[PDB]
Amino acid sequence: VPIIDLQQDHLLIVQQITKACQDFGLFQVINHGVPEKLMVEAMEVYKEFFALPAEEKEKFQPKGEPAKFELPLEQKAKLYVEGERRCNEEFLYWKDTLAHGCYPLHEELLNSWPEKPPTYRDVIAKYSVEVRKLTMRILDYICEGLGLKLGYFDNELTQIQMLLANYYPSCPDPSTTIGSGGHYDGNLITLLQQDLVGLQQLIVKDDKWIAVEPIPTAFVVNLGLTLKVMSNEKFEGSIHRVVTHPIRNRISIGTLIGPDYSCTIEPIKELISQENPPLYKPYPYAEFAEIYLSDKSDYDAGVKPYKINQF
């Protein structure tokens, strides 16, 4: 798993990011310019949030129950559950996610965010601005690696910025060791902050799941299915999963950037050529999203209906 220092020479960064995108669809970045103090404060906010009493968490349960990952995927803050498991043949546990949009930060959106812990809005608004800035920088390195003009993705293709704070209860003897099953992210690009082992990447060419080392001040970058399609498979998407920790409750902070639901997705036209014919026909992001969220029969079930020029 490449670890890319963003204070190296510009051209080296472009070259290393491009190779990682071609080879794996996942890499880590260090010396990335986001304040370490802000990364630590954001993790502390989520530790404090997930430790709040059940009565506080009811504020994020629409109509009194957790949300599910199904359309419409709203931007107002909600608690989501998934993946029920049995621990020690005794207690049930699940994967909890607090998720909300971040951009644009409309007053109506901000007022859906937690107000306890009391530093939530200040810390997480600052965090979201910094992580978006880093994401857009990485997308520009990707533009240069693909041969596209800088700023290609600075439009409706990055209109949605979802923050997903995941909480994985520990279990030493779980019904299943996987707390989050293997998936591609459906969006364009994701930045993930972690501080505890559990994230693994599927090396498809080697049919092997390998650890993504936790570096608490780094960001893990993983390319989503939308970028796999837009790059016409010149870049890989990342298939990744999370293993429940035996001892510690694990928290990760994901920033998932991607298109609006009114967007049409297709391979970037300027890169298509006679020897690089399009491998997907254009499709509505919202129709893709419905399939992506519903059909788990294959990792790329969401885009299978749109594949073309298959040989």
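Just count from 1 along the sequence shown to find any residue number.
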query	finding
182-190 versus 140-148 - greater average Cα B-factor per the deposited record	140-148
55-63 set against 250-258, stretch whose average Cα temperature factor tops the other in the entry	55-63
Candidate set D195, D122, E130, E90 [ranked by C-alpha B-factor, highest]	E90
Ranked C-alpha temperature factor of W209 among modelled chain residues, by third	highest
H32 CA temperature factor, ranked by third within the chain	lowest
Modelled-residue ranking by C-alpha temperature factor, third containing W113	lowest
Chain-wide C-alpha B factor ranking for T176, given as lowest, middle or highest third	highest
Chain third (lowest, middle, highest) by recorded CA B-factor, residue given as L26	lowest
